[PDB]
Amino acid sequence: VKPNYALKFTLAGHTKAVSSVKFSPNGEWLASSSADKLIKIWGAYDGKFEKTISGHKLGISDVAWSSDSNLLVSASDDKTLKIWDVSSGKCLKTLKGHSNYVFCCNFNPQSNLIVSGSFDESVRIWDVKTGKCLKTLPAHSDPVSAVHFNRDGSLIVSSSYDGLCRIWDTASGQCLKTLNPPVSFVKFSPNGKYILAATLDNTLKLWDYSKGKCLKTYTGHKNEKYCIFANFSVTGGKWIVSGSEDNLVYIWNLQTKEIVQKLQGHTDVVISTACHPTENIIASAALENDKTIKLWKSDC
Ligand SMILES: Cc1nc(NS(=O)(=O)c2cc(Br)cc(Cl)c2O)cn1C1CCCC1
């Protein structure tokens, strides 16, 4: 019916806005990125600080885990992405080619490719082993806000401030489909059939991408400025989860679109949220008046 998320830990350490939080696929870790140029690794269940990973020359907008939880990829204002060995903290590769800030990144399920989006309006596809750029897609006419592979890796979805969401064939780089307020976030649904898209008019929408039809709309939060992540919560009740510019985490019922919970505690915009892969745990993180990450746990 409704979850009962409750604050369990607050994680301090970043010295500027947090930009992204992500749980490792094996559930053990939370990774956070920040405008302070750092990645921090934390225990997913107790919030225990594990390590700082450093090397970018400017702030980081996004981080993403490989499928085996051993690698991380980061997107930076220094125009590069970096591939990191999480166990050693070492930079394995620096991915060079974007001509402006890199805003978003993800591995494919195989974790042999990375996709990135940039203020330079392109999407790039990179080889993980060599660190070389394989394709540059002239994807958008304004900064690219999000990029994500689907569940078999054959598709990429991208979104942009130009108002478009596009689906790309990974193998060829060619556009399969296009779907205008700025689109600030997109990702494929767990079952691969839907795309969840945020627009800077305080709206989330669930699209059937095959049919090109909007199936659900979620509102009541505040999102007119920032690229705020949204999530599917797959461990307990079927929820949509998002931060908000009124400093709250919002949780909706996937099917009824009703708000089922709002989490209070942050003291700045909640720019990022993540849902744990096996436990009913949310991580949230806020902009520079707050700079903390919060871990929330529910019984359902
Ligand atoms: C009931 C249902 N399941 C899906 N699949 S899903 O979006 O991928 C998905 C979301 C979540 Br939260 C958790 C899990 Cl486990 C999932 O599989 C869609 N819908 C309804 C049908 C019409 C659109 C909403």
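Residue numbers count from 1 along this sequence. As the structure lists them, so they are numbered: ligands from 1, and atoms in each ligand from 1.
The aromatic rings of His276 and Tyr45 sit tilted relative to each other, their planes meeting at an angle between 30° and 60°.
Proximity annotation for atom 5 (N) of ligand 1: of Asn231, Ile240, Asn191, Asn191 comes nearest, heavy atoms only. With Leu215, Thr235, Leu196 as candidates, the residue nearest to atom 22 (C) of ligand 1 on a non-hydrogen basis is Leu215.
Between the side chains of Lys294 and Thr10, a donor-acceptor pair is found at a separation under 3.5 Å. Of the N and O atoms on the side chains of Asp85 and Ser87, not one donor lies less than 3.5 Å from an acceptor on the other residue.
Atoms of ligand 1 found under 4.0 Å from any heavy atom of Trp239 (numbered from 1 in listed order, with element): 12 (Br). The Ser233 neighbourhood of ligand 1 comprises atoms 12 (Br), with distances under 4.0 Å to a heavy atom of that residue.
Contacts between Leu206 and ligand 1 below 4.0 angstrom, taking non-hydrogen atoms only, involve the side chain exclusively. At a heavy-atom cutoff of 4.0 Å, ligand 1 is contacted by the side chain of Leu254 but not by its backbone.
In terms of the side chain to side chain contact (heavy atoms under 4.5 Å, CB included) criterion, residue partners of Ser61 (sequence neighbours excluded) are, by chain and number, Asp77, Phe103. In this structure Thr15 satisfies the side chain to side chain contact (heavy atoms under 4.5 Å, CB included) test together with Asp36, sequence neighbours excluded.
For ligand 1, none of its N or O atoms has an N or O atom of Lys238 under 3.5 Å away.
A salt bridge links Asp62 to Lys22: at least one charged side-chain nitrogen sits closer than 4.0 Å to a carboxylate oxygen.
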